[PDB]
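J.: experimental structure and sequence below.
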Amino acid sequence: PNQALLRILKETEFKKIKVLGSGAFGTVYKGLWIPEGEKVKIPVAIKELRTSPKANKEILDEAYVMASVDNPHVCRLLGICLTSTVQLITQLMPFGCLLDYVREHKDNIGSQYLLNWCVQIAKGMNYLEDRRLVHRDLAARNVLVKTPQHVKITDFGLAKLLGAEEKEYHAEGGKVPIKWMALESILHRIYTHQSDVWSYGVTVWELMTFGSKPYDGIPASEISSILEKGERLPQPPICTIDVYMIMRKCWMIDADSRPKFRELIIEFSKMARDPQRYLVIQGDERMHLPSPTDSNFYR
Ligand SMILES: COc1ccc(-c2ccco2)cc1Nc1ncnc2[nH]nc(-c3ccco3)c12
């Protein structure tokens, strides 16, 4: 019986080394945890959404979601510290965000690494689909890098849980990225796993453009218009027509016609068997050297 459980950790065991980053909707801190008896240090990341009872209940359900998932492709919450505010604590990923990573090492990441990442994101998204929950905020920023060969998913601050007969969800209000939303979500504020398929397509578009901003010149409000026109995001340079077919099928009108995450795993894993066939990269033969090159690496 897989049920959630929250392990409370003492404030005297946390030594917040510094801060990590303030996302456009969140603030995260870097830390190093020391148990009171183990005498071993483990790097951790601390999220403190700062003070209102609406964001307090948001941390509640977010922590509930993050303390119940269990997958090597989904970063899991390990505990909650109790200070003046509520601290969420997960295991720290050394290499950090994937969006800023592919923006930093675009001339060193090969076609093999990009497809395996898409395979891993699809696996984690397929796992949280089997647990009957929608992420509602899947972007390249919310993807981290444990090792350059393994990525994870975080930030469940907008995730929701589906009931028994419930196969969808109705949003309270706005405050959603929109660029990663499906057209049905922009119009009627409805979220499904196929809306997560859309956001998955936008994430893959972010990875294949090495971190380009989708709908850059568009002033957000024009997104629903160009979506109704019939156009989507353009075709990335490295992507053949096959990969752009997968991404376009994640962005079509009917939600039921979008590919489930199961067949996305099968497709990108088949492409991962031959990376040179579907991505054309100038280098490929060269590889990046991670861990000696510090860059983003801290205890
Ligand atoms: C969007 O990124 C997050 C979103 C939420 C959390 C979090 C931590 C605890 C509860 O939520 C934590 C993170 N970030 C992380 N969580 C674990 N390891 C990490 N290494 N690097 C980061 C990171 C870099 C930039 C933003 O996050 C990170």
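T.: That came through fine. Numbers count the residues shown, from 1 in each chain.
J.: after the helix or strand harbouring residue 200, next one along is what?
T.: Assessed by DSSP states H and E, residue 200 sits inside helix 193-208. Next along the chain after helix 193-208, taking DSSP H and E as the criterion, comes helix 223-229.
J.: contacts made by that following helix with the rest, please.
T.: With C-beta atoms under 8 Å, 6 or more residues apart in numbering as the test, helix 223-229 has contacts from 178-179, 183, 186-187, 215, 218. All C-beta spots, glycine's among them, are computed from the backbone N, C-alpha and C.
J.: what comes up buried for it?
T.: 223, 227 (16 or more other C-beta atoms under 10 Å).
J.: buried residues in stretch 285-299?
T.: Of the residues in stretch 285-299, 290, 296 count as buried by neighbour count, 16+ other C-beta under 10 Å.
J.: so is it next to the ligand?
T.: No: Stretch 285-299 is not in contact with the ligand by C-beta under 6 Å from any ligand atom; minimum separation 7.7 Å.
J.: export that stretch to PDB, keeping only CA atoms.
T.: What follows is stretch 285-299, C-alpha atoms only, in PDB (Å, rounded to 0.1, in the frame of the first residue of the first chain):
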ATOM      1  CA  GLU A 285      32.000  12.500 -32.200                       C
ATOM      2  CA  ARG A 286      33.200  14.800 -29.300                       C
ATOM      3  CA  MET A 287      32.000  14.400 -25.700                       C
ATOM      4  CA  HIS A 288      31.800  16.600 -22.700                       C
ATOM      5  CA  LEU A 289      33.800  15.900 -19.500                       C
ATOM      6  CA  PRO A 290      31.700  16.300 -16.400                       C
ATOM      7  CA  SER A 291      32.800  16.400 -12.700                       C
ATOM      8  CA  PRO A 292      36.500  17.400 -13.300                       C
ATOM      9  CA  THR A 293      35.200  20.500 -15.000                       C
ATOM     10  CA  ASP A 294      33.500  22.000 -11.900                       C
ATOM     11  CA  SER A 295      31.200  24.500 -13.500                       C
ATOM     12  CA  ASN A 296      28.000  23.800 -11.600                       C
ATOM     13  CA  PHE A 297      29.300  21.400  -8.900                       C
ATOM     14  CA  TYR A 298      29.200  22.000  -5.200                       C
ATOM     15  CA  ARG A 299      29.000  19.800  -2.100                       C
END
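J.: isn't residue 159 up against residue 133?
T.: Yes: when contacts are counted by C-beta atoms under 8 Å, residue 159 is listed as touching residue 133 (5.8 Å).
J.: shared neighbours, these two?
T.: residue 65.
J.: for the ligand, what are the nearby residues on this structure?
T.: So the chain meets the ligand at 20-21, 23, 26, 28, 45, 47, 75, 77, 88, 90, 92-93, 96-97, 141-142, 144, 154-155 (C-beta under 6 Å from any ligand atom).
J.: go with 5 Å
T.: Taking C-beta under 5 Å from any ligand atom as the contact definition, the chain meets the ligand at 21, 28, 45, 47, 88, 90, 92-93, 96-97, 144, 154-155.
J.: would you turn these into a markdown table with neighbour count?
T.: Output for the residues of the chain next to the ligand, formatted as a markdown table (neighbours: other C-beta atoms under 10 Å):
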| residue | neighbour count |
| --- | --- |
| 21 | 14 |
| 28 | 20 |
| 45 | 20 |
| 47 | 24 |
| 88 | 23 |
| 90 | 20 |
| 92 | 23 |
| 93 | 22 |
| 96 | 20 |
| 97 | 24 |
| 144 | 24 |
| 154 | 22 |
| 155 | 22 |
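J.: buried residues, the longest strand along the chain. List them.
T.: Criterion DSSP state E: the longest strand present in the chain is strand 14-23. For strand 14-23, burial by neighbour count (16+ other C-beta under 10 Å) applies to 14, 20.
J.: cool, stretch 251-268 as well?
T.: 251-252, 255, 258-261, 264-265, 267-268.
J.: also stretch 138-149?
T.: 138-146, 148.
J.: ok, residues contacting that stretch?
T.: So stretch 138-149 is contacted by 23, 75, 93-102, 109, 113, 116-117, 121, 125, 151-155, 177, 180, 196, 199-200, 202-203, 206-207, 211, 288, 290 (C-beta under 8 Å, 6+ apart).
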